[PDB]
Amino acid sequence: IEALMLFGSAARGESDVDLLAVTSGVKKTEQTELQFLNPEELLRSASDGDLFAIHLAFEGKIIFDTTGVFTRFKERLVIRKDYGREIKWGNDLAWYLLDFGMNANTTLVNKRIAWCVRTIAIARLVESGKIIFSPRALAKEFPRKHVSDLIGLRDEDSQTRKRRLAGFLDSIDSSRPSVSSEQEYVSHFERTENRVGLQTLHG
């Protein structure tokens, strides 16, 4: 392991502990998340302006770095002109979770609703020039309908939170994709290369 970084909530001072380990030749406990990446993928995330890379660059705390990979990481970062692609992936998966998700692995569904909401909020705020990633600040700076409730779903309890997701979607004037069955969603996620929407759908 050539470099180690603290990120997430523990890096902001406020509760999961998230650690990024960079290693060439490559997860979770009740309390910890240890994520591994090789240097090529770390730098690619910077070059492609991944929202996750923006978080690491502006909020990650370097524990050690023997090779200087985190400084090459930062000098490769290009914040993209727009994150419409990412916003659309979050919107589309949200509609799928609304239409066919409220009765699946309920743990994953709630985690994924929160992912949709956070992704849309992070992307719109990054577009406007912000570097906000914590749930608390996202809800303050992107005060759409039920944002606090939905981000808090990242929670294995199932109620009638279908109404909350629908309200959120209306307040950002989201349009459902032109799909009917769940099988239409599969081909839509495949066609739009919605990796998370695909990984989610089978789970």
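Residue indices: 1-based, along the sequence shown.
message = I'd like the number of residues from the deposited sequence that lie between residue 146 and residue 147 yet are not in the model, binned as none, 1 to 3, 4 to 9, or 10 or more.
response = Gap between residue 146 and residue 147: none, chain continuous.
task = Going by the record, give me the number of deposited-sequence residues missing between residue 26 and residue 27 as none, 1 to 3, 4 to 9, or 10 or more.
result = 4 to 9 residues lack coordinates between residue 26 and residue 27.
task = Would you mind comparing 109-117 and 83-91 for me and telling me which has the higher average C-alpha temperature factor in the entry?
result = Averaged over C-alpha atoms, the B-factors run higher in 109-117.
inquiry  = Mean CA temperature factor from the deposited coordinates, higher in 94-102 or in 124-132?
reply    = That would be 94-102.
message = Please place residue 50 in the lowest, middle or highest third of its chain according to the CA B-factor in the PDB entry.
response = According to the entry, residue 50 has a C-alpha B-factor in the chain's lowest third.
request  = Divide the modelled residues of the chain into thirds by Cα B-factor and specify which third, lowest, middle or highest, holds residue 22.
outcome  = It belongs to the middle third of the chain when residues are ordered by C-alpha B-factor.
message = Using the temperature factors of the C-alpha atoms in this entry, rank residue 44 within its chain: lowest, middle or highest third.
response = Middle third of the chain for residue 44's C-alpha B-factor.
ask   = What third of its chain's C-alpha B-factors does residue 170 belong to: lowest, middle or highest?
value = According to the entry, residue 170 has a C-alpha B-factor in the chain's middle third.
request  = Tell me, lowest, middle or highest third: where does the Cα B factor of residue 152 rank within its chain?
outcome  = Top third by C-alpha B-factor.
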